[PDB]
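Below: the structure, in structure tokens.
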Amino acid sequence: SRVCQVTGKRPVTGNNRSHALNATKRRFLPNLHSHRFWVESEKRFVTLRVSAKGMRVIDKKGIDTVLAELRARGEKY
Amino acid sequence: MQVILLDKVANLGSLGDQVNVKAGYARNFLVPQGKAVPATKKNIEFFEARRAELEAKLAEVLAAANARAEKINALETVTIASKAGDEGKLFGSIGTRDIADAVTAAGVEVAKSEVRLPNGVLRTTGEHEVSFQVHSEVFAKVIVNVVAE
RNA sequence: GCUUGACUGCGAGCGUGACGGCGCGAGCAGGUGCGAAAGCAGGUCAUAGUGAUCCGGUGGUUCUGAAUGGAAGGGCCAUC
RNA sequence: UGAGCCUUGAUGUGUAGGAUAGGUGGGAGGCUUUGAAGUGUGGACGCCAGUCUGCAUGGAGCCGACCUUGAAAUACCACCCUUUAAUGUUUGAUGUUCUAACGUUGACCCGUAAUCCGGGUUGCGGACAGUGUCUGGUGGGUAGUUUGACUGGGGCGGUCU
RNA sequence: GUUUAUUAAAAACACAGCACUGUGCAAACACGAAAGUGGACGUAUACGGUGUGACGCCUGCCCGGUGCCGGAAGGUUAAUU
RNA sequence: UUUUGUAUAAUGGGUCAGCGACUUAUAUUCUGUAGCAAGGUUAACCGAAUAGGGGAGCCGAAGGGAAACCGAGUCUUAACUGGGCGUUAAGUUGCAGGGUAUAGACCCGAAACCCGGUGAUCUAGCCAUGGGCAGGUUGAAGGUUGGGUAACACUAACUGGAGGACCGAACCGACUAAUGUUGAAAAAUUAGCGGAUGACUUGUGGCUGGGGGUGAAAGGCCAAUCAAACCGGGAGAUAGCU
RNA sequence: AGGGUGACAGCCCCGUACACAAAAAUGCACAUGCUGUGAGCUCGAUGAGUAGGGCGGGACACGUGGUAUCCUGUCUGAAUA
RNA sequence: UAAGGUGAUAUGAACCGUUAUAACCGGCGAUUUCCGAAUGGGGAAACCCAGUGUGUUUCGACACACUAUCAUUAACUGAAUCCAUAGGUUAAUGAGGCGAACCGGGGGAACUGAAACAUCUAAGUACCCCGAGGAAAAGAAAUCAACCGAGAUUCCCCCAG
Ligand SMILES: [Mg+2]
Ligand SMILES: [Mg+2]
Ligand SMILES: [Mg+2]
Ligand SMILES: [Mg+2]
Ligand SMILES: [Mg+2]
Ligand SMILES: [Mg+2]
Ligand SMILES: [Mg+2]
Ligand SMILES: [Mg+2]
Ligand SMILES: [Mg+2]
Ligand SMILES: [Mg+2]
Ligand SMILES: [Mg+2]
Ligand SMILES: [Mg+2]
Ligand SMILES: [Mg+2]
Ligand SMILES: [Mg+2]
Ligand SMILES: [Mg+2]
Ligand SMILES: [Mg+2]
Ligand SMILES: [Mg+2]
Ligand SMILES: [Mg+2]
Ligand SMILES: [Mg+2]
Ligand SMILES: [Mg+2]
Ligand SMILES: [Mg+2]
Ligand SMILES: [Mg+2]
Ligand SMILES: [Mg+2]
Ligand SMILES: [Mg+2]
Ligand SMILES: [Mg+2]
Ligand SMILES: [Mg+2]
Ligand SMILES: [Mg+2]
Ligand SMILES: [Mg+2]
Ligand SMILES: [Mg+2]
Ligand SMILES: [Mg+2]
Ligand SMILES: [Mg+2]
Ligand SMILES: [Mg+2]
Ligand SMILES: [Mg+2]
Ligand SMILES: [Mg+2]
Ligand SMILES: [Mg+2]
Ligand SMILES: [Mg+2]
Ligand SMILES: [Mg+2]
């Protein structure tokens with residue numbers, strides 16, 4: 001599913017609003033990608049589904065801090 | 001981005017200099033190949049511990065040598081003796097080796113290494129200064145007067 | 001020929017409409033124009049020439065102004 | 001390859017004036033074999049008058065309030081002004097290549113006696129493509145609706161204040 | 001040959017045949033937010049879409065309109081700035 | 001019942017029995033009535049609990065202006081001799097009713113829109129795996145042969161056995177007629193009729209699902225239902241109409 | 001209270017007001033053992049892709065309006081008593 | 001607790017009781033086939049076929065107990081590839097599924113109303129999905145207020161149509 005494996009994050013509904021002003025159901029979506037990383041920690045590369053900011057955060061923060069978070073949050077990779 | 005480096009890198013990578021650089025080379029590959037690190041607010045001062053650890057310590061402990069080149073300079077004349085030929089010409093040689101023990105028993109313990117000289121000494125007797133390699137810069141300035149017997 | 005009454009605030013009293021409105025009006029005040037003056041002049045000899053409200057525009061005005069001062073905005077007035 | 005730029009060192013023919021004296025705080029000297037003027041050029045600013053500077057050549061010497069002048073030496077050392085280039089760099093503009101992102105519905109290894117997958121290797125593309133958000137065009141493919149009243153039936157014609 | 005099972009079997013649909021047109025393959029197209037399939041274990045002598053309808057002789061003139069293809073110089077022109 | 005109007009050949013009712021259509025809550029105003037009265041009256045809540053507490057609060061006794069504000073006045077205007085609205089006639093809480101509001105709002109009825117299900121045991125197309133086509137015709141390609149060619153062509157015979165070929169049962173279909181038309185039957189029967197080795201037919205089983213499918217194309221088929229299936233649900237949809 | 005009883009019962013019958021009862025399991029409450037739990041104090045420390053902004057939407061009674069406030073798909077991005 | 005009982009239609013049998021093993025009420029265990037979350041595998045629900053162990057003075061086929069999936073931790077075995085890692089077997093524990101309403105979330109109509117209709121309405125309604133408790137949710141001010149003060153949240157009446 002379009003789940004940004006870093007920041008949960010997902011598809012979010014709302015409207016197209018025409019000029020004449022008519023609502024319409026739609027989806028907003030993250031630009032999310034399947035980017036790869038290095039990890040001198042685990043001597044693998046891994047590859048995880050990640051958002052726009054999905055990356056932006058893992059840059060400010062530690063590329064390694066996440067795997068840890070996520071290891072608590074109970075998922076494999 | 002701040003990501004701090006390790007090696008040279010084109011242009012810069014002055015071992016340890018924080019940066020303003022695009023997220024590409026970094027994260028994408030560079031960092032992903034032992035070459036820099038997330039310059040987090042943690043790391044950013046991790047190596048500051050190193051800059052401020054390796055410095056004052058092992059650095060100025062070159063002064064824990066400097067003065068042993070001055071211990072040397074306290075006694076500005078030591079004598080070694082080993083047969084001469086009349087008018088100077090001493091048969092064998094003053095040895096890079098001998099000059100070890102010769103000051104091994106005269107205080108400044110030393111081994112055959114240190115001991116920098118000018119020419120494949122020795123042969124002629126009398127007066128001879130000597131610069132040393134106790135570390136990097138401020139050499140010694142030792143002299144050895146060779147008696148005959 | 002002079003001129004700007006094609007004025008501003010009002011308006012007893014009427015007419016005409018389901019209404020929303022429309023119309024005729026002497027006189028009151030301020031101030032004009034013309035007549036020397038009595039007086040006349042709130043547009044054209046009458047009756048057609050028109051578009052409610054909403055929303056926004058322009059100027060005027062503390063009337064309003066969300067802790068106070070301001071301000072935005074809103075009212076009111078003319079006006080598009 | 002544009003502009004931002006920190007440092008750089010730079011320029012200013014009033015009129016007379018060693019003539020393209022900056023304004024001005026400091027101003028009698030600094031610099032000088034880390035070889036100086038003299039030339040020899042290159043280019044830099046041009047009011048065809050004289051400055052800036054790179055390099056070589058050279059080799060123990062170059063500049064003074066003066067006397068003129070509103071300001072008087074570009075003698076150095078201070079902060080800067082117009083006029084401005086220089087790396088260093090920041091990013092746009094365009095073309096070039098590159099490999100590690102991204103792609104791979106080529107090749108092989110392994111889990112594995114498996115035309116999935118993941119992991120690995122290799123070839124190929126490669127910052128394109130593709131996906132996001134925004135954004136102009138398109139859009140009976142789909143969808144929701146409108147499309148007036150009178151009226152000698154309706155329509156049509158005509159009418160609507 | 002096919003069809004309105006139950007008032008229409010036809011001159012209607014299909015047809016071989018022709019033309020135009022899109023597709024170089026991870027093909028165009030098509031089902032499906034997607035993954036994945038079909039097209040095809042095919043590969044332009046192949047595949048889809050449109051019209052025309054064996055065969056014979058033939059298929060003139062008009063690109064002004066509307067659709068389309070192509071051009072990329074200019075005018076106009078979105079977010080952004 | 002509906003109408004200008006009905007014996008009306010205009011609507012409804014076979015008969016009887018039982019049921020079946022102006023409600024309920026809140027809000028609001030008028031009338032009646034009851035209590036207090038320039039007062040009237042509590043709301044949730046407390047509670048010994050319909051009592052008594054509780055006056056938050058609502059209405060009224062002051063109005064005029066948009067408003068600031070002034071006030072038996074106030075607005076209007078610079079001001080009105082003026083003018084408009086006001087002062088001079090009691091209110092308020094409850095009870096019952098006449099209205100009105102919001103609600104299925106007096107009952108019953110659509111055709112439809114929307115959501116989630118159920119169905120390819122009928123039927124359309126496909127897929128996979130077995131089946132079926134009595135009998136009688138025509139006689140293509142090829143082969144052989146003799147002729148004929150320089151050799152080919154061509155040719156005759158004989159063979160051979162092609163075809164969405166022919167006639168015509170089973171098997172499929174449905175052109176005409178009459179019957180049936182509260183049927184034998186919610187599409188049949190009988191006499192005829194078309195295809196019958198093909199784009200044939202059939203058994204079993206899969207697969208395609210509702211703005212979807214399938215369709216040699218008629219809007220046809222999708223369980224006797226199709227210009228948008230069935231079932232449940234929004235749902236008492238809405239009904240200026242009957 | 002109520003019900004039954006051959007019709008309509010305070011006094012026939014079951015009950016009712018009242019007063020009593022649990023071998024066993026049990027819920028809730030208090031206390032207590034065992035595993036985990038940290039309490040205490042002192043000195044600290046005071047939650048960045050986060051606020052906030054550009055674009056789209058949405059939630060706010062408030063329909064982009066003069067529209068503060070909140071949520072964020074997208075792009076960005078502080079201060080630190 | 002007790003004089004009677006072996007539930008109903010519902011008799012009749014052949015019996016059980018009658019002072020404490022008749023029956024009956026209550027607590028707690030016992031057994032509890034086959035389906036079914038169904039969990040050894042397969043399936044057209046209640047049926048078909050297994051493997052590992054064990055049983056017989058009968059150790060054939062039958063009998064009988066364990067064997068599904070993930071998450072978690074552990075031990076063990078362990079690739080491309082050195083280490084490792086993925087992979088694998090096992091063990092323990094947990095989960096699955098069913099449920100009336102209310103409750104928090106993910107999605108979320110249209111008929112309707114506006115006397116048409118698109119903004120707006122219905123409406124965050126109906127339905128679909130997930131999840132959980134006795135309630136759930138919210139909750140311990142980066143709140144209000146208006147220069148005076150208030151002091152987490154949920155709830156009721158007012159303010160007020
Ligand atoms: Mg304010
Ligand atoms: Mg204004
Ligand atoms: Mg349409
Ligand atoms: Mg509508
Ligand atoms: Mg009409
Ligand atoms: Mg038919
Ligand atoms: Mg049918
Ligand atoms: Mg074709
Ligand atoms: Mg045709
Ligand atoms: Mg034709
Ligand atoms: Mg032409
Ligand atoms: Mg074009
Ligand atoms: Mg009639
Ligand atoms: Mg009548
Ligand atoms: Mg009559
Ligand atoms: Mg009759
Ligand atoms: Mg009728
Ligand atoms: Mg009748
Ligand atoms: Mg009071
Ligand atoms: Mg079938
Ligand atoms: Mg035939
Ligand atoms: Mg026949
Ligand atoms: Mg027929
Ligand atoms: Mg007859
Ligand atoms: Mg027949
Ligand atoms: Mg429909
Ligand atoms: Mg109804
Ligand atoms: Mg009796
Ligand atoms: Mg905090
Ligand atoms: Mg915004
Ligand atoms: Mg089983
Ligand atoms: Mg099973
Ligand atoms: Mg089997
Ligand atoms: Mg409507
Ligand atoms: Mg509704
Ligand atoms: Mg809670
Ligand atoms: Mg305070």
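So you can find residues: chains in the structure tokens are A, B, ... in the order shown, residues in each start at 1, and ligands are numbered from 1 in order.
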Distance table requested - chain G against region 19-32 of chain A, cut-off 12 Å, only C-alpha atoms (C1' of nucleotides): one row per qualifying residue with the closest atom pair and its distance in Å to one decimal, ordered by chain and rising residue number, as JSON lines.
{"residue": "G:56", "atom": "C1'", "partner": "A:28", "partner_atom": "CA", "distance": 8.7}
{"residue": "G:57", "atom": "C1'", "partner": "A:28", "partner_atom": "CA", "distance": 8.3}
{"residue": "G:58", "atom": "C1'", "partner": "A:28", "partner_atom": "CA", "distance": 11.1}
{"residue": "G:63", "atom": "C1'", "partner": "A:21", "partner_atom": "CA", "distance": 10.1}
{"residue": "G:72", "atom": "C1'", "partner": "A:28", "partner_atom": "CA", "distance": 10.4}
{"residue": "G:73", "atom": "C1'", "partner": "A:28", "partner_atom": "CA", "distance": 4.6}
{"residue": "G:74", "atom": "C1'", "partner": "A:30", "partner_atom": "CA", "distance": 7.7}
{"residue": "G:75", "atom": "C1'", "partner": "A:31", "partner_atom": "CA", "distance": 11.2}
Same residues, N, CA, C and O atoms (P, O5', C5', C4', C3', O3' and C1' of nucleotides), saved as a PDB file, in the first residue's frame:
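Full text of out-v1.pdb as output:
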ATOM      1  P     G G  56      -3.597  27.739  -4.743  1.00  0.00           P
ATOM      2  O5'   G G  56      -4.206  26.291  -4.518  1.00  0.00           O
ATOM      3  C5'   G G  56      -3.327  25.187  -4.466  1.00  0.00           C
ATOM      4  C4'   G G  56      -4.034  23.869  -4.605  1.00  0.00           C
ATOM      5  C3'   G G  56      -5.411  23.761  -3.941  1.00  0.00           C
ATOM      6  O3'   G G  56      -6.463  24.176  -4.797  1.00  0.00           O
ATOM      7  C1'   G G  56      -4.033  22.040  -3.143  1.00  0.00           C
ATOM      8  P     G G  57      -8.001  23.973  -4.378  1.00  0.00           P
ATOM      9  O5'   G G  57      -7.955  23.165  -3.012  1.00  0.00           O
ATOM     10  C5'   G G  57      -9.162  22.732  -2.408  1.00  0.00           C
ATOM     11  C4'   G G  57      -9.029  21.352  -1.827  1.00  0.00           C
ATOM     12  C3'   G G  57      -9.777  21.125  -0.523  1.00  0.00           C
ATOM     13  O3'   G G  57     -11.159  20.881  -0.691  1.00  0.00           O
ATOM     14  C1'   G G  57      -7.572  20.458  -0.222  1.00  0.00           C
ATOM     15  P     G G  58     -12.213  21.837   0.057  1.00  0.00           P
ATOM     16  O5'   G G  58     -12.318  21.200   1.511  1.00  0.00           O
ATOM     17  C5'   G G  58     -12.582  19.815   1.650  1.00  0.00           C
ATOM     18  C4'   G G  58     -11.881  19.221   2.842  1.00  0.00           C
ATOM     19  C3'   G G  58     -12.363  19.671   4.212  1.00  0.00           C
ATOM     20  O3'   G G  58     -13.589  19.101   4.631  1.00  0.00           O
ATOM     21  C1'   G G  58     -10.038  19.774   4.177  1.00  0.00           C
ATOM     22  P     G G  63     -16.103  28.764   5.795  1.00  0.00           P
ATOM     23  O5'   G G  63     -16.307  28.976   4.228  1.00  0.00           O
ATOM     24  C5'   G G  63     -16.585  27.888   3.345  1.00  0.00           C
ATOM     25  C4'   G G  63     -17.245  28.366   2.073  1.00  0.00           C
ATOM     26  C3'   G G  63     -17.252  29.883   1.880  1.00  0.00           C
ATOM     27  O3'   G G  63     -17.130  30.193   0.493  1.00  0.00           O
ATOM     28  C1'   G G  63     -19.458  29.094   1.833  1.00  0.00           C
ATOM     29  P     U G  72      -0.949  18.096  11.107  1.00  0.00           P
ATOM     30  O5'   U G  72      -0.603  17.715   9.602  1.00  0.00           O
ATOM     31  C5'   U G  72      -1.067  16.482   9.060  1.00  0.00           C
ATOM     32  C4'   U G  72      -1.546  16.614   7.636  1.00  0.00           C
ATOM     33  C3'   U G  72      -0.434  16.645   6.581  1.00  0.00           C
ATOM     34  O3'   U G  72      -0.809  15.872   5.445  1.00  0.00           O
ATOM     35  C1'   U G  72      -1.853  18.491   6.288  1.00  0.00           C
ATOM     36  P     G G  73      -0.166  14.418   5.223  1.00  0.00           P
ATOM     37  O5'   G G  73       0.177  14.365   3.669  1.00  0.00           O
ATOM     38  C5'   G G  73      -0.396  13.371   2.835  1.00  0.00           C
ATOM     39  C4'   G G  73      -0.345  13.768   1.381  1.00  0.00           C
ATOM     40  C3'   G G  73       0.913  14.497   0.922  1.00  0.00           C
ATOM     41  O3'   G G  73       2.020  13.646   0.673  1.00  0.00           O
ATOM     42  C1'   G G  73      -0.949  15.693   0.180  1.00  0.00           C
ATOM     43  P     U G  74       3.496  14.273   0.568  1.00  0.00           P
ATOM     44  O5'   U G  74       3.300  15.545  -0.372  1.00  0.00           O
ATOM     45  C5'   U G  74       3.395  15.451  -1.788  1.00  0.00           C
ATOM     46  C4'   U G  74       3.656  16.802  -2.410  1.00  0.00           C
ATOM     47  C3'   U G  74       4.921  17.503  -1.941  1.00  0.00           C
ATOM     48  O3'   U G  74       6.083  17.041  -2.601  1.00  0.00           O
ATOM     49  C1'   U G  74       3.120  19.028  -1.887  1.00  0.00           C
ATOM     50  P     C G  75       7.469  16.925  -1.801  1.00  0.00           P
ATOM     51  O5'   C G  75       8.013  18.415  -1.738  1.00  0.00           O
ATOM     52  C5'   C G  75       8.573  19.034  -2.883  1.00  0.00           C
ATOM     53  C4'   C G  75       8.465  20.532  -2.798  1.00  0.00           C
ATOM     54  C3'   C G  75       9.398  21.217  -1.814  1.00  0.00           C
ATOM     55  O3'   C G  75      10.727  21.353  -2.287  1.00  0.00           O
ATOM     56  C1'   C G  75       7.227  22.072  -1.533  1.00  0.00           C
TER      57        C G  75
END
Would you mind writing down, as an mmCIF file with C-alpha atoms, in the first residue's frame, each residue of chain A that DSSP on the backbone assigns to strand (DSSP E)?
data_model
loop_
_atom_site.group_PDB
_atom_site.id
_atom_site.type_symbol
_atom_site.label_atom_id
_atom_site.label_comp_id
_atom_site.auth_asym_id
_atom_site.auth_seq_id
_atom_site.Cartn_x
_atom_site.Cartn_y
_atom_site.Cartn_z
ATOM 1 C CA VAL A 12 -5.551 11.438 1.801
ATOM 2 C CA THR A 13 -8.981 12.393 0.515
ATOM 3 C CA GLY A 14 -10.493 15.805 -0.117
ATOM 4 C CA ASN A 15 -11.839 17.682 -3.131
ATOM 5 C CA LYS A 25 -13.935 13.287 -4.320
ATOM 6 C CA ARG A 26 -10.263 12.710 -4.874
ATOM 7 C CA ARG A 27 -6.979 11.573 -3.522
ATOM 8 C CA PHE A 28 -3.873 13.375 -2.517
ATOM 9 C CA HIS A 33 9.542 6.107 -3.811
ATOM 10 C CA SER A 34 11.460 2.869 -3.284
ATOM 11 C CA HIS A 35 14.884 4.290 -2.530
ATOM 12 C CA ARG A 36 17.920 2.369 -1.335
ATOM 13 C CA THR A 47 15.502 -0.694 0.305
ATOM 14 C CA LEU A 48 12.410 0.793 1.883
ATOM 15 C CA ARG A 49 9.280 2.499 0.643
ATOM 16 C CA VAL A 50 9.657 6.140 1.621
#
Review point. So which residues touch region 91-94 of chain D within 9 Å, counting only C-alpha atoms (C1' of nucleotides), skipping near sequence neighbours fewer than 4 positions away, as a ChimeraX atom specification?
Key: /D:1-4
Check your understanding: Could you list, as a ChimeraX atom specification, all the residues within 10 Å of ligand 26, counting only C-alpha atoms (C1' of nucleotides) and all ligand atoms?
Key -> /F:112-113,210-211,227-228
Exercise for review: Dump the neighbourhood of ligand 35 as an MDAnalysis selection string: all residues within 10 Å, distances computed on only C-alpha atoms (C1' of nucleotides) and all ligand atoms.
Suggested key: (chainID F and resid 234:235 237) or (chainID H and resid 110:112 122:123 125:126)
With C-alpha atoms (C1' of nucleotides) kept, could you save the residues just selected as a PDB file, in the first residue's frame?
ATOM      1  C1'   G F 234     -31.162   5.355   2.429  1.00  0.00           C
ATOM      2  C1'   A F 235     -37.120   4.862   2.815  1.00  0.00           C
ATOM      3  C1'   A F 237     -37.473   9.377  -1.270  1.00  0.00           C
TER       4        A F 237
ATOM      5  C1'   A H 110     -28.213   9.948  -3.564  1.00  0.00           C
ATOM      6  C1'   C H 111     -32.993  10.701  -3.344  1.00  0.00           C
ATOM      7  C1'   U H 112     -34.364  15.304  -1.191  1.00  0.00           C
ATOM      8  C1'   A H 122     -29.828  16.582   2.926  1.00  0.00           C
ATOM      9  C1'   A H 123     -24.788  15.342   5.711  1.00  0.00           C
ATOM     10  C1'   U H 125     -26.425  11.399   7.319  1.00  0.00           C
ATOM     11  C1'   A H 126     -27.253   6.159   5.241  1.00  0.00           C
TER      12        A H 126
END
Check your understanding: What's the 12 Å shell around region 66-78 of chain C, counting only C-alpha atoms (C1' of nucleotides), without same-chain residues fewer than 3 positions away, as a PyMOL selection string?
Key -> (chain C and resi 58-63) or (chain F and resi 65-68) or (chain G and resi 65-68) or (chain H and resi 144-148)
Check your understanding: Looking only at the backbone, which of the residues in chain B does DSSP tag as alpha helix (DSSP H), as JSON, numbers by chain?
Key -> {"B": [43, 44, 45, 46, 47, 48, 49, 50, 51, 52, 53, 54, 63, 64, 65, 66, 68, 69, 70, 71, 72, 73, 74, 98, 99, 100, 101, 102, 103, 104]}
Kindly save the residues from that selection, with C-alpha atoms included, as a PDB file, in the first residue's frame.
ATOM      1  CA  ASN B  43      28.084  13.808  15.256  1.00  0.00           C
ATOM      2  CA  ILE B  44      28.805  17.513  14.709  1.00  0.00           C
ATOM      3  CA  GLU B  45      30.389  17.511  18.190  1.00  0.00           C
ATOM      4  CA  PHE B  46      31.367  13.840  18.345  1.00  0.00           C
ATOM      5  CA  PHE B  47      34.487  14.649  16.329  1.00  0.00           C
ATOM      6  CA  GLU B  48      34.818  17.901  18.269  1.00  0.00           C
ATOM      7  CA  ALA B  49      35.581  15.560  21.148  1.00  0.00           C
ATOM      8  CA  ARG B  50      38.220  14.074  18.851  1.00  0.00           C
ATOM      9  CA  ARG B  51      39.608  17.437  17.752  1.00  0.00           C
ATOM     10  CA  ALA B  52      39.700  18.343  21.439  1.00  0.00           C
ATOM     11  CA  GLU B  53      40.814  14.855  22.509  1.00  0.00           C
ATOM     12  CA  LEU B  54      43.620  13.951  20.102  1.00  0.00           C
ATOM     13  CA  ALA B  63      56.895  18.438  24.509  1.00  0.00           C
ATOM     14  CA  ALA B  64      57.071  15.270  26.558  1.00  0.00           C
ATOM     15  CA  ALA B  65      59.969  14.861  24.141  1.00  0.00           C
ATOM     16  CA  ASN B  66      61.148  18.392  23.321  1.00  0.00           C
ATOM     17  CA  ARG B  68      64.543  15.230  26.465  1.00  0.00           C
ATOM     18  CA  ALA B  69      66.277  16.924  23.549  1.00  0.00           C
ATOM     19  CA  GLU B  70      67.067  19.529  26.205  1.00  0.00           C
ATOM     20  CA  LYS B  71      67.973  16.943  28.833  1.00  0.00           C
ATOM     21  CA  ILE B  72      70.524  16.238  26.143  1.00  0.00           C
ATOM     22  CA  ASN B  73      71.332  19.943  25.923  1.00  0.00           C
ATOM     23  CA  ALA B  74      72.098  20.044  29.649  1.00  0.00           C
ATOM     24  CA  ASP B  98      78.167   2.559  19.915  1.00  0.00           C
ATOM     25  CA  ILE B  99      76.910   6.120  20.323  1.00  0.00           C
ATOM     26  CA  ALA B 100      73.771   4.456  21.712  1.00  0.00           C
ATOM     27  CA  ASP B 101      75.244   2.781  24.800  1.00  0.00           C
ATOM     28  CA  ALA B 102      77.604   5.748  25.068  1.00  0.00           C
ATOM     29  CA  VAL B 103      74.643   7.931  26.076  1.00  0.00           C
ATOM     30  CA  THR B 104      72.560   5.044  27.406  1.00  0.00           C
TER      31      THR B 104
END
Check your understanding: Got a sec: who's within 12 Å of residue 67 (chain D), counting only C-alpha atoms (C1' of nucleotides), leaving out chain neighbours fewer than 2 positions off, as a VMD selection string?
Key -> chain D and resid 17 to 18 65 69 72
Any chance you can output those residues with N, CA and C atoms (P, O5', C5', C4', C3', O3' and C1' of nucleotides) as a PDB file, in the first residue's frame?
ATOM      1  P     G D  17      50.216  75.602 -15.100  1.00  0.00           P
ATOM      2  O5'   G D  17      50.471  75.483 -13.534  1.00  0.00           O
ATOM      3  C5'   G D  17      51.407  74.547 -13.021  1.00  0.00           C
ATOM      4  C4'   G D  17      50.829  73.764 -11.869  1.00  0.00           C
ATOM      5  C3'   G D  17      51.120  72.269 -11.875  1.00  0.00           C
ATOM      6  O3'   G D  17      52.367  71.960 -11.275  1.00  0.00           O
ATOM      7  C1'   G D  17      48.807  72.650 -11.451  1.00  0.00           C
ATOM      8  P     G D  18      53.748  72.199 -12.061  1.00  0.00           P
ATOM      9  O5'   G D  18      54.295  70.728 -12.316  1.00  0.00           O
ATOM     10  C5'   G D  18      54.666  70.301 -13.617  1.00  0.00           C
ATOM     11  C4'   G D  18      54.948  68.821 -13.636  1.00  0.00           C
ATOM     12  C3'   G D  18      53.801  67.923 -13.186  1.00  0.00           C
ATOM     13  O3'   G D  18      52.888  67.618 -14.231  1.00  0.00           O
ATOM     14  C1'   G D  18      55.784  67.314 -12.040  1.00  0.00           C
ATOM     15  P     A D  65      55.034  67.727  -2.949  1.00  0.00           P
ATOM     16  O5'   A D  65      54.578  67.789  -1.423  1.00  0.00           O
ATOM     17  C5'   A D  65      53.282  68.249  -1.072  1.00  0.00           C
ATOM     18  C4'   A D  65      53.275  68.992   0.242  1.00  0.00           C
ATOM     19  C3'   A D  65      53.286  70.509   0.152  1.00  0.00           C
ATOM     20  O3'   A D  65      52.015  71.060  -0.140  1.00  0.00           O
ATOM     21  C1'   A D  65      54.842  69.804   1.785  1.00  0.00           C
ATOM     22  P     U D  69      48.199  78.911  -5.572  1.00  0.00           P
ATOM     23  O5'   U D  69      46.966  78.081  -6.154  1.00  0.00           O
ATOM     24  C5'   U D  69      47.160  76.963  -7.009  1.00  0.00           C
ATOM     25  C4'   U D  69      46.498  75.721  -6.466  1.00  0.00           C
ATOM     26  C3'   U D  69      45.471  75.939  -5.364  1.00  0.00           C
ATOM     27  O3'   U D  69      44.197  76.292  -5.873  1.00  0.00           O
ATOM     28  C1'   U D  69      46.942  74.180  -4.756  1.00  0.00           C
ATOM     29  P     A D  72      45.594  69.874   1.958  1.00  0.00           P
ATOM     30  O5'   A D  72      46.669  68.978   1.200  1.00  0.00           O
ATOM     31  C5'   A D  72      46.565  68.745  -0.201  1.00  0.00           C
ATOM     32  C4'   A D  72      47.794  68.058  -0.740  1.00  0.00           C
ATOM     33  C3'   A D  72      49.121  68.661  -0.286  1.00  0.00           C
ATOM     34  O3'   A D  72      50.099  67.634  -0.153  1.00  0.00           O
ATOM     35  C1'   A D  72      48.968  68.783  -2.637  1.00  0.00           C
TER      36        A D  72
END
Exercise for review: List all protein, DNA and RNA residues that have an atom no more than 12 Å from any atom of ligand 31, counting only C-alpha atoms (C1' of nucleotides) and all ligand atoms, and report them as a list in words.
Suggested key: residues 34, 35, 36, 38, 39, 40, 41, 42, 43, 46, 47, 48, 49, 50, 67 and 68 of chain H
Review point. Within 8 Å of ligand 6, counting only C-alpha atoms (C1' of nucleotides) and all ligand atoms: which residues, as a PyMOL selection string?
Key: chain E and resi 4-9
Take the residues that were just selected and, keeping C-alpha atoms (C1' of nucleotides), output them as a PDB file, in the first residue's frame.
ATOM      1  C1'   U E   4     -34.990  -8.925 -32.611  1.00  0.00           C
ATOM      2  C1'   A E   5     -35.593 -16.539 -26.728  1.00  0.00           C
ATOM      3  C1'   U E   6     -41.999 -14.626 -27.116  1.00  0.00           C
ATOM      4  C1'   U E   7     -45.707 -10.376 -33.691  1.00  0.00           C
ATOM      5  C1'   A E   8     -39.817  -8.196 -37.607  1.00  0.00           C
ATOM      6  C1'   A E   9     -35.188 -13.523 -40.564  1.00  0.00           C
TER       7        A E   9
END
Exercise for review: Would you kindly report the residues of chain A within 10 Å of chain B, using only C-alpha atoms, as a PyMOL selection string?
Suggested key: chain A and resi 35-40+45+55-56+58-64
Point to revise | Close residues, residue 139 (chain B) itself excluded, 10 Å, only C-alpha atoms (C1' of nucleotides), min 4 positions apart in chain, as JSON, numbers by chain | key: {"B": [66, 69, 70, 116, 130, 131, 132, 133, 134, 135]}
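What chain D places within 12 Å of chain B, counting only C-alpha atoms (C1' of nucleotides), is residues 88, 89, 90, 99, 100, 101, 102 and 127 of chain D.
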Practice item. Would you mind listing what lies within 10 Å of residue 54 (chain E) as a ChimeraX atom specification, with only C-alpha atoms (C1' of nucleotides) counted and same-chain residues fewer than 6 positions away left out? Key: /E:15-17
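Near ligand 22, at a distance of at most 9 Å and with only C-alpha atoms (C1' of nucleotides) and all ligand atoms counted, sit the residues residues 167, 168, 194, 195 and 196 of chain F.
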